[PDB]
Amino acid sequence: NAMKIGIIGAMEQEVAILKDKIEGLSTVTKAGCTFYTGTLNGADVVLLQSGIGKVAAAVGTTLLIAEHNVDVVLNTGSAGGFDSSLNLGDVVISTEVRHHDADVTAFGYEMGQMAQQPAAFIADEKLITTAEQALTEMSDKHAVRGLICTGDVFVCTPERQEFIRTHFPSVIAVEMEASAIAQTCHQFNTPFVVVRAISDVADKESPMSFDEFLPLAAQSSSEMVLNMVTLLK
């Protein structure tokens, strides 16, 4: 018996680096998802390319846990930076994750809290400790640990930035899958962590420059995840 490590990225570029390192690779496709199973430095992994956004991530995470038998989930890829200390390419590690675009305050929930869910999804303590160790193995890579907020939006306006900061002042980064991954993992009682890297600062120029910085972000976040899975073997 060994841990089975799920790794989730949304986009082809976010998974390709890790894909090509897997040994004893097998491939499955289902519901628009691709699953690459094998070993990464002797760790048993299942690497999922989910697609973008909350529903795609939830579909894929569900399959990853229910059909691919993973024990923990690591979410890799790019994110939009909100913490002022971040630079492009820097790592972000989730302490917790929230939906920035959920509002059932009608019924007394706090902003971001989905009905019947906790207000925040707490990343696993052991996986955070593993992420810290993984970061030390990189060459002078800066990270920030903190709240990651997700919505079905690529944030690129000052108005949407101000809404998010009004309700989630501690937010360090935004993206489009983490809270779906985290919620699904909560429903399945599965440990998770998000270890992404910054592609942009979620401003008006960001949609145009995303593509130029995605390779950097994918490289950083992939190097984190490779170091983590090796630590977990």
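Residue numbers run from 1 along the displayed sequence.
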query	finding
Mean C-alpha temperature factor, higher of 70 to 78 and 101 to 109	101 to 109
Comparing 79 to 87 with 134 to 142, the one whose average Cα B-factor in the PDB entry is higher	134 to 142
Member of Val28, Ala57, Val193, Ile65 with the greatest C-alpha B factor (per the PDB record)	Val28
Relative C-alpha B-factor of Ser170, binned into the chain's lowest, middle or highest third	highest
Within-chain third of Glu96 by Cα B-factor, per the entry	middle
Third assignment of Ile8 from its chain's C-alpha B-factors	lowest
Third of the chain's Cα B-factor distribution that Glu177 belongs to, per the entry	lowest
Entry-reported Cα temperature factor of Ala115, expressed as the chain third it lands in	middle
